[PDB]
Amino acid sequence: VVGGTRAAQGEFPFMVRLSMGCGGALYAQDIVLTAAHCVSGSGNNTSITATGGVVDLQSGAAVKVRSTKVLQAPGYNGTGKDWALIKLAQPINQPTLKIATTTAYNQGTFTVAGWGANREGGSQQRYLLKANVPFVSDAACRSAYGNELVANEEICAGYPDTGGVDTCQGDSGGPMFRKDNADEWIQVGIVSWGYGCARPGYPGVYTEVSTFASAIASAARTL
Ligand SMILES: [Ca+2]
């Protein structure tokens with residue numbers, strides 16, 4: 037996260053750090069929702085580690101659990117459909133994060149969090165950083181990315197005018213969230229891609245969770 041600040045221990049307890057260098061959110065206590073590009077494909081896999089319960093990755097309080105299976109979005113090919121579920125060997129006993137099933141919240145100011153670089157080509161962070169980034173319409177985002185944007189599957193956020201605050205390398209797979217009408221956190225995006233980090237005219241692109249909600253809920257049931 038570029039232009040970020042330290043999140044407090046316990047602020048976003050649903051966050052997990054994945055061993056390949058991606059963030060994730062606890063969809064279920066033993067199911068991590070992350071990006072498709074963080075994994076190589078679906079199947080049994082006990083090679084991933086999820087670190088949950090701490091803002092400080094070096095914390096002795098860290099909970100580290102191994103995966104058992106991975107379900108990448110069917111047909112992922114690098115264009116859209118940027119989501120995957122990771123089944124854990126054991127539950128991480130922390131609050132989960134609800135996902136958006138409608139588009140009612142795909143607007144306003146979102147919060148992003150991660151242990152990714154705080155600058156282009158910078159290094160991974162020890163402590164979880166957070167930032168607020170505003171929604172950018174598909175049209176304004178398209179004015180920047182052209183045909184690379186899959187409007188129905190992607191939601192943009194950031195400051196088109198000045199840049200300055202954004203997600204960056206290593207933040208991928210992390211949730212982009214905000215409060216719902218019940219003042220509960222709700223997941224509207226997955227960190228997916230962008231050109232550079234925090235540059236004027238290039239907002240961050242995120243998986244538009246509302247589009248894939250049903251697909252995700254169903255896959256989660258079979259895991
Ligand atoms: Ca969109």
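UniProt numbering runs 36 ahead of the 1-based position in the sequence shown. The C-beta atom is built at its ideal place from N, Cα and C for all residues, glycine as well.
Task: Counted within 10 angstroms of its Cβ, other Cβ atoms place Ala176 as buried (16 or more) or exposed - done: Residue mapping note: residue 176 aligns to position 140 of the sequence shown, counting from 1. Counting Cβ neighbours within 10 Å, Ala176 comes out exposed, since fewer than 16 surround it.
Open item on the list: If I follow the unbroken alpha helix (DSSP H) through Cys192, where does it start and stop?
Closed with: For the purposes of this step, residue 192 is taken as the residue at position 156 of the sequence shown. It is not in any alpha helix (DSSP H) - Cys192 instead sits in the beta strand (DSSP E) that spans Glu190 to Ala193.
- [ ] Using only alpha-carbon positions, find the residue among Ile128, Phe48 and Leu62 that is nearest to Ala256.
- [x] Taking the first residue of the sequence shown as position 1, residue 256 is located at position 220. Per the Cα distances, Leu62.
TODO: Using only the heavy atoms of ligand 1, determine whether one of them is closer than 7 angstroms to the beta carbon of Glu184.
DONE: Stepping through the sequence shown from its first residue, residue 184 is reached at position 148. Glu184 Cβ: outside cutoff for every heavy atom of ligand 1.
Task: Expected contact under 8 angstroms - CB spacing of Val186 and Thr115 to nearest Å - done: Position 150 of the sequence shown, counted from the start, is the residue given in the question as residue 186. Position 79 of the sequence shown, counted from the start, is the residue given in the question as residue 115. Indeed, because the Cβ distance is near 6 angstroms, the residues count as touching under 8 angstroms.
- [ ] Return the residue from the list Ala193, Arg178, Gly210 and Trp221 that minimises the CA-CA distance to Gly152.
- [x] If you number the sequence shown from 1, residue 152 lands on position 116. Comparing alpha-carbon positions, the option among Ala193, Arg178, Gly210 and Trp221 lying closest to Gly152 turns out to be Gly210.
- [ ] Report the three-state DSSP secondary structure of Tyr242 (helix, strand or coil).
- [x] One-based indexing of the sequence shown puts residue 242 at position 206. Strand at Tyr242.
Open item on the list: Bridge partners for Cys233 per DSSP, in chain order?
Closed with: In the sequence shown, the residue the question calls residue 233 occupies position 197. According to DSSP, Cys233 bridges with nothing at all.
Open item on the list: I need the residues with a C-beta less than 5 angstroms from some heavy atom of ligand 1; please give them in chain order.
Closed with: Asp174, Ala187, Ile191 and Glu244
Open item on the list: Given this structure, state the Cα-to-Cα distance separating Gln160 from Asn188, to the nearest angstrom.
Closed with: Indexing the sequence shown from 1 puts residue 160 at position 124. Indexing the sequence shown from 1 puts residue 188 at position 152. Going by the C-alpha atoms only, they are around 31 angstroms apart.
Task: Cβ neighbours of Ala71 in the same chain (closer than 8 angstroms, five flanking residues each side left out) - done: For this step, residue 71 is matched to residue 35 along the sequence shown. So the qualifying residues of the chain are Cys58, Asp118, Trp119, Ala120, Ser208, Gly209, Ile226, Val227, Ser228 and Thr243.
Task: Validate contact between the region 105-114 and the region 165-176 using beta carbons, cut 8 angstroms, 3 pairs - done: no
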